[PDB]
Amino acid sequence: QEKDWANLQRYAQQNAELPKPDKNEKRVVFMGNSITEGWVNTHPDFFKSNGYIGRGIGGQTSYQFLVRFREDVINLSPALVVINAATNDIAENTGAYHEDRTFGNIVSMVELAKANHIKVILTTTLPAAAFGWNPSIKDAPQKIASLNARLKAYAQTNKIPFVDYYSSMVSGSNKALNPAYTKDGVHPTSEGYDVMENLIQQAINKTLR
């Protein structure tokens, strides 16, 4: 029996010390994995200067995101949640990859957000040629592209903003994360996050306008 499988302990104390948002406040929570966690670690001031809350946890899949969605998103009373998911689903961090199930987990998070009157921005899974921690995955590019196409369509089907980090960050015939934006092929550097900030800021301002 694996205890605290979704790592609710990671943000439990932080969540407890967050006051309810101010009357006029439009609190934004970023849900994700090490790309979202690393965003806060690399550009802490992007979050602090905008009032944004980072709830990324390294290594996690969409299955784990769903289990902690109520505690790390809903209970913070955000105006908006930004969801970036599936890098680790495709890396098979919690088991074999099934696009239908990973996609379904993202849909579940959307449905929970809307049930609680939280707006949603969906985003593309970032490009990766391969994963250093799991080299057995030889078809990440095919899987990432297929999931992103499906998420794009779902977003349009339900009038949800969809932010395309992927198209601004992909390079080469192998659909690698651009070497200008990464050192390990997966996690953005400062320059990569600069690209993501420009894109997400505009979408957030538009949606909360």
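One-based numbering along the sequence shown.
Average Cα temperature factor in the PDB entry - higher stretch of 112 to 120, 134 to 142: That would be 134 to 142.
98 to 106 versus 69 to 77 - greater average Cα B-factor per the deposited record: It is 69 to 77 that shows the higher mean C-alpha B-factor.
Residue with maximal Cα B-factor (values as given in the PDB entry) among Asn174, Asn33, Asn158, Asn148: Of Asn174, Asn33, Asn158, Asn148, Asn174 has the highest C-alpha B-factor.
Cα B factor band for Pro179 (lowest, middle or highest third within the chain): Its C-alpha B-factor, which the entry lists for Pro179, ranks in the highest third among residues of this chain.
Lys48 by Cα B-factor - lowest, middle or highest third of the modelled chain: For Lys48, the deposited C-alpha B-factor lands in the highest third.
B-factor third for the C-alpha atom of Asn41 within its chain: Its C-alpha B-factor, which the entry lists for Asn41, ranks in the highest third among residues of this chain.
Assigned third (lowest, middle, highest) for the C-alpha B factor of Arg55: Lowest third, going by the recorded CA B-factors of the chain.
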